[PDB]
Amino acid sequence: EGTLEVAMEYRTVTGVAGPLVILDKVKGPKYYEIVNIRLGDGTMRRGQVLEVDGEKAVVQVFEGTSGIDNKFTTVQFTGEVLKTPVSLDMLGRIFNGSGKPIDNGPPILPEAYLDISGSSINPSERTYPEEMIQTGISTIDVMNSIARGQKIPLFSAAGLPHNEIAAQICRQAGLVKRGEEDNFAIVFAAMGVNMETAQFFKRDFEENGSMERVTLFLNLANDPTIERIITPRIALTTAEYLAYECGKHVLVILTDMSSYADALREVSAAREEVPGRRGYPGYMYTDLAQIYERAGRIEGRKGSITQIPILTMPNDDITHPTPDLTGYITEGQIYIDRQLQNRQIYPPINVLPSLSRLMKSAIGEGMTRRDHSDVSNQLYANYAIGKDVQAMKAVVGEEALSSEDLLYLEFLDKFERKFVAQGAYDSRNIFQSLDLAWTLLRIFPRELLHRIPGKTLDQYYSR
Amino acid sequence: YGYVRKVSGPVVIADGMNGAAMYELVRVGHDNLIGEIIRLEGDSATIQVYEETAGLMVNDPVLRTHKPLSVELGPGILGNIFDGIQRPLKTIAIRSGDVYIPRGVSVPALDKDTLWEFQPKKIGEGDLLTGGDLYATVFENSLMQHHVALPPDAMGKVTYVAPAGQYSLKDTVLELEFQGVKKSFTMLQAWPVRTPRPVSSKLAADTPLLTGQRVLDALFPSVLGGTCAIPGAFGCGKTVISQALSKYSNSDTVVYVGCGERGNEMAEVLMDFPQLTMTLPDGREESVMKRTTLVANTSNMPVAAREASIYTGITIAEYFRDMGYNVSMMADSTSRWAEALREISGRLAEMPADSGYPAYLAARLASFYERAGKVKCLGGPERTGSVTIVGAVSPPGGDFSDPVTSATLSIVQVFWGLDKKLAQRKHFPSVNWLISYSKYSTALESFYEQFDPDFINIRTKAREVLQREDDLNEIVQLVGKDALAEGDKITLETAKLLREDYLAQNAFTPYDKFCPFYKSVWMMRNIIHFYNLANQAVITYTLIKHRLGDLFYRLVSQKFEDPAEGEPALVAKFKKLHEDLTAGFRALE
Amino acid sequence: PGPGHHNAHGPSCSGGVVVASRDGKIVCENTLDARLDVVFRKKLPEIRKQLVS
Amino acid sequence: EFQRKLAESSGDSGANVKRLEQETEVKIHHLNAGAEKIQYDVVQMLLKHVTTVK
């Protein structure tokens, strides 16, 4: 084997500006080589070499440039890109943003060092998601369902209970069961969460007793802004190792993706890169791809990576660059409405903008019922007509609702009342909920229904 | 050693500073102009100087400090007045005599020649001590005893302990050796503003911030070590709430922090605090300044000092919490701080983000706000303090859409929402119940039920009544009070009584200047219980309205009672009134 | 220049040499302890694989 | 009835805890067998640290 070499320690640091540390007289640099910077005080922090030109090197330190002296700090070039020591033993533990074990436990004994930002899967070898998931919440499963390998985020403005919904989904996560070793292992990324939210996550996960199959990658808002960018990379790399290289299906969760967007914006503004819309970097689409575009099923392996991000519209606007690019990349949306929260509904899922682009394959005959697609389409389409009827009633009066419009208004009322609402710990099965969905569709006459054929639901029978 | 080379406005380039460190404060020129290092390109440095750089001379000396922007803590920190960059305004004025702030003042933050009474703990001359150990306490003044904590990042076996007596900060009150080398510590601790203070464990907040106002105490409670937000731009509500916090809040200390507001407004507030006086529960009369510290940086002050004032204040609050005291910070105008940060960013030509603020504004605001919380102390003996921030916001025109407002609402747990409409309608509390909220009620429910298990149910019923108040409002708006049912009329009347009797305070009146939580709880019980007892009887609304005149008067007076009689007497009176109202509602049914 | 003025301490540095250019700007700390640390960190996955089974 | 039902839990939890303690002891004995794996592999990885060439 090629003989090893001890990393060269330099002291030629010849410039500091912003978060970027300049070096000179570097002997044979390497792009994206991880360099750990030791200050004169002796404290150490990591960093990446962003731009390599000639014998120079423009390093981006992690813990901040503060305290770096141009004649007393030393930089050591490890000569290798960032690598996360993934291992099967990493399950049931908590790690910092960069991966420091923070559960008062010994560090990870790596089964293999794996580089973050792993290469893409050859789409010829890529396959298609073909199985539903039993998260434990009615409205997500019944309409705009989630497939074992499908990516889909949660759109929810600030202050909404989306964190509680994520915690409930993670604690109640399970297969359809229509096995425990390959059962759902949950990788729980936490980008830029509050300390109270962090303690809540830790306590809730420890309480459900599923610590044996859940990994927390916590990154608080106190941690450096650049260190938040590598947290999703590490989480997804560990998920890739667990799923493809070990077998068990992984249900990747990342909270506050808007925090990741803000971290990207801060890092880009630091280096003065070309700005896209709203001052975000012009390559944000590619970065959000490298984060999201890993969920899927690989042909030769029995693993599967399901992605459930959690975004937050900053101004409660769907047109914001982060949610817009996500919706471009994320293959569907599960939407949460503040207006429904104003009505004191615990799971404020609004179904009008919520659609799963892979639902057309999750449904079928192996699972669910043969009337799933048509019933979902009707409860998706008649809601818009009910909203239009409500608007007409608001702008004209109660007399505007004719013998047909009043039916749509009553449909909307009952749909928002009974169907959407669910218990904080209710595992409402599909058929029991689909019966009430059929009742809601049957509030309207069985002949005015245009899109659905009568025979489709007629195959199913009430009681 | 070190000479300037290029002076382009605020930006300054100085050669011969190879050993300089990033963000290390430096003294520039003979006038001792103070500026922070930004870029260390080459063997040269780059400094932005806070005060005006007009009149600098090339090759004028530059003197390093080997320390970032730091604050000298210790005895004498309370009471005084300090600038943004930790400059004692009062002593500067006394020493210079004149009024103007000299360009290049060098007065130390705390007088190092004044004497304070010192006495050590029972520690021995050869014992072992570590960082955060409380080895002595000092009577800086009456009723504000100051503990002397051994500085963090310092530990070792005890070598020398100063016996009790009269001493000054320049004296070496403590000396100890970890290794064979020995270090001697005085009573002055320096700590960078940017670096937070070391903590042992971030506890869960479990005690409400009793502000003395019923609306904040019961409707939208705030917990010790919890963030708070105020949309304060007019109506003097910010002044009112600040005075309430200074006088009646549970906090053992208050650290007001004013940045970039109107100079005359800061003059008014800094003349108001000395006039403010608070009585002790033991019957003693004190001055709020004896427990108050004030950091005021007006608009005329340098922009960098305006940005650093907030961090200075929060570091002072953390130092106070280091000895387990409950201390409350009050950021006067976070909007002004954000504008100062924007000006600094424009000076640095950083790439603009949403609405012109730099992209790190939200991140820096979150980093600042994350320092609040109930925290276990570092080092023994065991004790626990808290730091709560009640920093206000000034949205432009009231539109809660500016990035400062959005970030603050995203980070702050409890938002109280002062409304100018209520101020126009002559509302002393001015708290809009329709927009305020308290996200910490779920965590505070433990204490809420421990004090009274029915109090939380009463609060939920009051929230439901407030929610139905607007419903009845448009009901009266569209058809009038005629269409209201007897139960609906009773609910509307009870909501109006709650709004005009308990949800509103009288402040200026001696009887309603301070509202104890006991009186608040009894008033809430006497209101909600009466509301229900009248509700289930549906009885003609007119008949019960006629026959409950005495009950209505009792409910109204349930807040007119002064706190002079104390909790045992007022609680008994409120209980008797509630029993009488219940008897009148039940017997007449 | 050699250790004629200062030297790597014995127990703290089991052996090896350090080579640095003029002014000590670039240093290649090729001591035995660092060599062991690097080879250990590199070969750790093999160690784990052989500890099991 | 609830107290009678929960009485069996006071023993079941203790039995599960004892079983877990014994399983952990057996796992450490496998790490003592790992210490036997140490006896069989320490010399192996010590001779693996012959990277003292060139």
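Given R0 = 51 Å, the distance between the Cβ atoms of B:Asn250 and A:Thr319 translates into a calculated FRET efficiency of 0.65.
Along the Cα-to-C-beta direction of B:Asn59, a point sits 7 Å from the Cα; which residues of the stretch B:1-35 have their amide N less than 16 Å from that point? Residues B:1-7, B:14-16, B:29-30 qualify, since their backbone N sits under 16 Å from the label point. If a spin label sat at a point 7 angstrom from the Cα of D:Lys48 along the line to its beta carbon, the backbone N atoms of the stretch C:2-41 nearer than 13 Å would be those of C:39-41.
The amide H of A:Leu218, built 1.01 Å from its N in the peptide plane, has A:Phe95 as neighbours under 5 Å, considering only residues 5 or more places off or on other chains. In the structure shown, the pairs B:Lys183/B:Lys247; A:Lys202/B:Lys183; B:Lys112/B:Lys182; B:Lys238/B:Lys575 are assessed against 32 Å; a Cα-Cα span above that value is assigned to B:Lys183/B:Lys247; A:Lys202/B:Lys183; B:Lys238/B:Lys575. Projecting each Cα onto the charge dipole of chain D (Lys/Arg +1, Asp/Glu -1 at the beta carbon, about the Cα centre), which of D:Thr24, D:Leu6, D:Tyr40 comes out farthest on the positive side? Checking the options against the dipole of chain D, the answer is D:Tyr40. Using the rule -39500 (n - 2.57) for each DSSP H run of four or more residues, divided by the residues of the protein assembly as shown, the 222 nm mean residue ellipticity is -11000 deg cm²/dmol.
In this rough spin-label picture, where each label sits 7 Å from Cα along the Cβ direction, the B:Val556-B:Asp452 distance is 2.3 nm. A DSSP coil position with no more than 15 other Cβ atoms inside 10 Å describes the following GluC sites (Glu not before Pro) in the stretch B:15-85: B:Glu41, B:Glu52. About its Cα centre, the dipole of chain A is roughly 460 debye, where the only charges are +1 on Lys and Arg Cβ and -1 on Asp and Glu Cβ. Summarising the label geometry, the points placed 7 Å from Cα in the beta-carbon direction at B:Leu434 and B:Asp580 lie 3.6 nm from one another. The residue among B:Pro102, B:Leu78, B:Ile92 whose Cα reaches farthest toward the positive pole of the charge dipole of the stretch B:74-117, with charges on the beta-carbon of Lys, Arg, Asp and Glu, is B:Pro102.
Here A:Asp458 and A:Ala384 are evaluated by their C-beta separation; at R0 = 25 Å the FRET efficiency comes out at 0.55.
Simple spin-label estimate for D:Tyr40 and A:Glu80 gives 2.8 nm between the two label positions (7 Å along the Cα-to-Cβ direction from each Cα).
Rounded to the nearest 20 debye, the dipole magnitude of chain B is 200 debye, with +1 charges on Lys and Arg beta carbons, -1 on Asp and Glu beta carbons, and the Cα centre as origin. Each residue of the stretch B:258-274 was assigned a 3J(HN,Hα) from its phi angle through the Karplus curve 6.51 cos²θ - 1.76 cosθ + 1.60 (θ = phi - 60°); the sequence is x, 10, x, 8, 4, x, 5, 5, 5, 4, 4, 6, 6, 8, 6, 4, x Hz, with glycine and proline shown as x. Farthest towards the positive end of the charge dipole of the protein assembly as shown, among the residues A:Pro281, A:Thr368, A:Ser259, is the Cα of A:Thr368, using unit charges on the Cβ of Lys, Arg, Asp and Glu.
Per-residue Cβ counts within 10 Å, from other chains only, averaged over A:61-72: what number is that?
So the per-residue partner count for this stretch is 5.
Can you pull out the GluC sites (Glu not before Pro) in the stretch A:1-94 that DSSP calls coil and that have at most 16 other Cβ atoms within 10 Å? Qualifying residues, ordered by number: A:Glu1, A:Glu5, A:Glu55, A:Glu80. Look at B:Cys259, C:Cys13 and count the other Cβ atoms within 10 Å of each Cβ; fewest to most, that gives C:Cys13, B:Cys259.
Each part reduced to its alpha carbon centroid, the stretch A:250-308 and the stretch B:158-200 end up 49 Å apart. State whether chain A is rounded, prolate or oblate according to the following rule on the C-alpha gyration tensor (a ≥ b ≥ c being the square roots of its eigenvalues): a/c under 1.5 gives rounded; otherwise a/b larger than b/c gives prolate, and the remaining case gives oblate. Note, shape of chain A comes out prolate. Here the residues B:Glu567, B:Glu318, ranked from fewest to most Cβ neighbours within 10 Å of their Cβ, fall in the order B:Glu567, B:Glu318.
Here's how it looks for B:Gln189: its modeled amide H is under 5 Å from those of B:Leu73, B:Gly74, which are all 5 or more places away or on a different chain. Could you tell me the center-to-center distance, by alpha carbons, between the stretch A:200-237 and the stretch C:1-41 in angstrom? Result: 39 Å between the Cα centres.
Only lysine pairs 8 or more places apart or on separate chains count here, and in the stretch A:345-460 those with Cα atoms under 22 Å apart total 4.
If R0 is taken as 60 Å, the Cβ-Cβ distance between A:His450 and A:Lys100 corresponds to a FRET efficiency of 0.50.
Here's how it looks for B:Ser44: its modeled amide H is under 5 Å from none belonging to a residue 5 or more places away or on a different chain. Panel order for B:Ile81, B:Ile544, C:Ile47, by other beta carbons found within 10 Å of each beta carbon, from fewest to most: C:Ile47, B:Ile81, B:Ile544.
Here the Karplus relation 6.51 cos²θ - 1.76 cosθ + 1.60, evaluated at θ = phi - 60°, turns the backbone of the stretch A:95-100 into coupling constants of 10, 6, x, 7, x, 5 Hz, with x for every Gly and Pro.
Sparsely packed loop sites in the stretch B:120-201 (the GluC sites (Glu not before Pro) outside DSSP H, G, I, E and B with at most 12 other Cβ atoms within 10 Å) comprise B:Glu125. Phi-derived couplings, Karplus 6.51 cos²θ - 1.76 cosθ + 1.60 at θ = phi - 60°, listed residue by residue for the stretch B:541-551: 4, 4, 5, 5, 4, 5, 8, 9, x, 5, 5 Hz, with x used for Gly and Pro.
Computed from point charges on the beta carbon alone (+1 for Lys and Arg, -1 for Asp and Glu), the dipole magnitude for the stretch B:159-251 about its Cα centre is near 240 Debye.
Each value in this text was obtained by applying a stated rule to the coordinates, not by laboratory testing. A quick note on method: Cβ atoms are made from the backbone with ideal geometry, for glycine too, and the neighbour counts reach across all protein chains shown.
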